[PDB]
Amino acid sequence: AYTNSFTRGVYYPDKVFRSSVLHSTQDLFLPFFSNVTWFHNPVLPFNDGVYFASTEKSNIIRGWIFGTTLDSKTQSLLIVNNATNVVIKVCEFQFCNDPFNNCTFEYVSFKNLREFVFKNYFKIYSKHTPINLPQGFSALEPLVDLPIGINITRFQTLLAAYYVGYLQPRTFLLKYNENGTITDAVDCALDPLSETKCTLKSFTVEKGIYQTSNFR
Amino acid sequence: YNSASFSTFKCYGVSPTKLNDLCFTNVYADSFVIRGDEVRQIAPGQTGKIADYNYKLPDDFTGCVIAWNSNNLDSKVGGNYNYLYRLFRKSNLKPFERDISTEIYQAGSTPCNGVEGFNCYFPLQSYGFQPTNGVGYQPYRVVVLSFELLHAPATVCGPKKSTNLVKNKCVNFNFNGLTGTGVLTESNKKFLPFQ
Amino acid sequence: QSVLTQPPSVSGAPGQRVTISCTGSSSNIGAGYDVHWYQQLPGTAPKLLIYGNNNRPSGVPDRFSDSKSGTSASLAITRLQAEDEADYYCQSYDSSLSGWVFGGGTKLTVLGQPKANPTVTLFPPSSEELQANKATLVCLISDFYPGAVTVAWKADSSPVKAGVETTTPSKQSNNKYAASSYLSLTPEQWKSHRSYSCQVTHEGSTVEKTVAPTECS
Amino acid sequence: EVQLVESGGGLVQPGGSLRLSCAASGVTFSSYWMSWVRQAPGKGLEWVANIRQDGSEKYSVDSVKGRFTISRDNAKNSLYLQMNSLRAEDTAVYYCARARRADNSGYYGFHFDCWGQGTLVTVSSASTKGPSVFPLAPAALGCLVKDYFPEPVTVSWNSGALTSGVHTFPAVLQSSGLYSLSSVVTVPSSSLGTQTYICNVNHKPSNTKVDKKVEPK
Ligand SMILES: *[C@@H]1O[C@H](CO)[C@@H](O[C@@H]2O[C@H](CO)[C@@H](O)[C@H](O)[C@H]2NC(C)=O)[C@H](O)[C@H]1NC(C)=O
Ligand SMILES: *[C@@H]1O[C@H](CO)[C@@H](O)[C@H](O)[C@H]1NC(C)=O
Ligand SMILES: *[C@@H]1O[C@H](CO)[C@@H](O)[C@H](O)[C@H]1NC(C)=O
Ligand SMILES: *[C@@H]1O[C@H](CO)[C@@H](O)[C@H](O)[C@H]1NC(C)=O
């Protein structure tokens, strides 16, 4: 299944407050109006980080798995929730073929729209919130960053349905409001008006003609 | 910096006397042994045959190459022959790309089928580290302290004084190594807890 | 010190199947270094069975496959034939030592199919041996199968003691083995005991072909 | 092919000293610098040493450190062994067959290029002597090759014309400090006197040839 990603997967690009500015940056973002893939079991390629979302009541997800092989003779990244704590763990794991030694690191810390983003040292963002792919705009805050680096090429979820789509290196314009929170954005390369809004650093473009770009 | 050991304390983008009143986002201490002459290839932008297959650097590096002679330690009285060069690869590594490998290089027309010979070369060979090794070909220890200096919040900080805060007067501040002069006031601005 | 201990025998009939072991420690077979084997009967060249741990060497057939993990290798034969009844060795590297490590030795075997009965006699010392004032006796247990035979022979009806020796592998055109047992005396004591005689037993055999290998005949 | 041929074997007293050698026939040694290797008699190969182009060589403490030495000369495409204080278990066949060190080279799984035909360190307080062979009047006839040195020697029947029926037991040694063995042939008993039966020993090592016709009384 393939499903619309519209106005979704924006996150705060760094640990800097910026009230009342239309800031602009090049980074790994989910492309606007592209396809998130929708699911109902499988492993997936961790192309260049992930945007994730799910919508269910009974708190159905434990956590996530990332790495090269997902089986022993290289260190692989695991995350678990056992209600009282989220756990992060990294090991040359002994995993089975259907997971519904020498560990290098460990750490501990429609009912929702369970949004999360992961990017490779390693970083995590979210907007785990009640809203009762879904429409509208919201921005993911950081959750964790881990000062570790790994050759990740595969991804999986410890379980029903969830959405997945991979970030790409793009220029964005970001509307920080009066409070330093992102509230709208322009995906530069989406269409000619979106590079026009980016060319003149604005969320409104007056009537006219504008040189936005070069062709060769 | 004060040590009587170090034969080189070369540093780039940071001075070693300023280094103790500063802070870094992380520091990576990249550690190994070489023949002492090869210190010339442990420098940013140097076109090193050993560097490109063993320990590369950025051409725009920030860090210190802290090296000492260790002949008096590592060269055993019966002769040391423990450590290995890497002599060959298909291509040059990226700025800190390690690449453990087991693969025969072919330097011409011969087929090697994963077994060595003339024109069929394995990547590694012995460092001769005799206790009698003269001067330059001795085991030299190196730590390359790589320093990251990113706009991210710092984590590896110098042993600085920690002054009391003053508000509503002009002061020459330094917070996490970020430094300037100003009137400091507590403010209403709603920083998110991660900013 | 360290050895890749190997099983002394494993067995299949002509055309059948076996898979074996060559077992060291985590300091060798687990220490990233892979394993090799050699076939070698005495005075034959050590014939290497493995290449890269992904191939066989030049001309070495498919039956000589091998498989390795944990703390052991496991070489094989499918399509066993009689010349495979031979000595073999194994090799790798050991981190507990400076250098290489070697295995305990293996004998592949064709199966013990027929109960062939031994021939039994001591080949006589001649009166011509007295040209050097001396005599010689061996008890022969030729022509049996499978495995081994009960060494039993006597002098003056008293039993011969400590005279045991190893059995010899299969003959051509058949599978039959041979074995022997040995004794010595001072030459005048060798005249003084007369009744050198064999009473050998094997799992099919009923009676001996025993003659009189006396001294001075 | 790296056709490796071993050479320069010797026999000296316990606690004596030697020099020995082996060569890659017609093929340059600088690509394929093999280490010394040997059998332990009745058991596997024993780890003697490793080698490298640069030197960096190591030996086993278990039997060969403080005694053996290793070197080569590419004008002569030959390995050498300067050796001190002989020990009895040194007595074996020696092959010069693989090159890469304790530090991994070639691949994490090796391949072994050529095992030759064997040179020998040999050790005893005996000296060269010929066997006390006689006709052993038996047919299923055989011989016992008492009291000789050194081993090995070529043993056959009718100068090799009777080889198809021949079988030889495990080797023997006597309180004299000297070797023996027994060889057997199984042939018709009724053909005696019209067919000839001879045991042959081509004894170039002892300088005492044996080629004697046998018949019983
Ligand atoms: C900045 O934060 C303030 C709260 O600290 C937001 O003001 C509230 O907004 C909600 C609706 O979003 C109203 O129901 C409240 O009555 C407001 N409270 C106050 C004290 O004004 C404000 O929305 C944020 N700024 C922007 C531009 O959205
Ligand atoms: C998603 O992918 C399909 C092909 O599977 C493509 O036709 C479509 O334009 C894409 N976009 C949306 C929003 O469906
Ligand atoms: C990363 O892992 C993949 C296998 O998933 C491998 O093909 C690739 O070569 C690895 N890259 C590096 C730099 O090791
Ligand atoms: C379960 O939760 C406790 C804290 O309540 C934590 O210490 C423990 O590590 C968790 N165990 C697992 C298996 O996640």
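In order, the residues displayed for chain B correspond to 369-563 in Swiss-Prot numbering, which applies throughout.
So how was this one determined? The header says electron microscopy, 3.4 Å.
Using N, Cα and C of the backbone, Cβ positions are placed for all residues, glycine too.
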### Message
Which one, B:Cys525, B:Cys538, is listed by Swiss-Prot as the other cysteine in the disulfide with B:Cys391?
### Response
B:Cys525
### Task
Please work out, from what Swiss-Prot records, which of B:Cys379, B:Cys488 forms the disulfide with B:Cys432.
B:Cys379
### Message
Under Swiss-Prot's annotation, the disulfide partner of B:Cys488 is which of B:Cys480, B:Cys538?
### Response
B:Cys480
### Query
Same-chain Cβ contacts of the region 'Disordered' (B:455-490) under 8 Å, 6 or more residues past its ends?
398, 417, 420-421, 423-426, 429, 514
### Query
Within the region 'Disordered' (B:455-490), how many residues are helix, strand or coil going by DSSP?
0 helix, 5 strand, 31 coil
### Query
Mind checking how the region 'Disordered' (B:519-541) divides into helix, strand and coil residues in DSSP?
0 helix, 4 strand, 19 coil
### Task
Compile a sequence-ordered list of residues in the same chain as B:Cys391 (disulfide bond), six or more apart from it, whose Cβ lies below 8 A from its Cβ; state 'none' when nothing qualifies.
B:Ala522, B:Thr523, B:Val524, B:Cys525, B:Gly526, B:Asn544, B:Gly545
### Summary
Densest Cβ environment (other Cβ within 10 Å) across the disulfide-bonded residues B:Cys379, B:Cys432, B:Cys480, B:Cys488, B:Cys525 belongs to B:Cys432
#### Entry: Cα distance (Å, whole number) from B:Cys480 (disulfide bond) to B:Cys432 (disulfide bond)
41
## Note on the structure
Cα of B:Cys480 (disulfide bond) to Cα of B:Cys379 (disulfide bond), in Å and rounded, measures 43
#### Entry: Length of the line joining the Cα atoms of B:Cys379 (disulfide bond) and B:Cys488 (disulfide bond), in Å
39
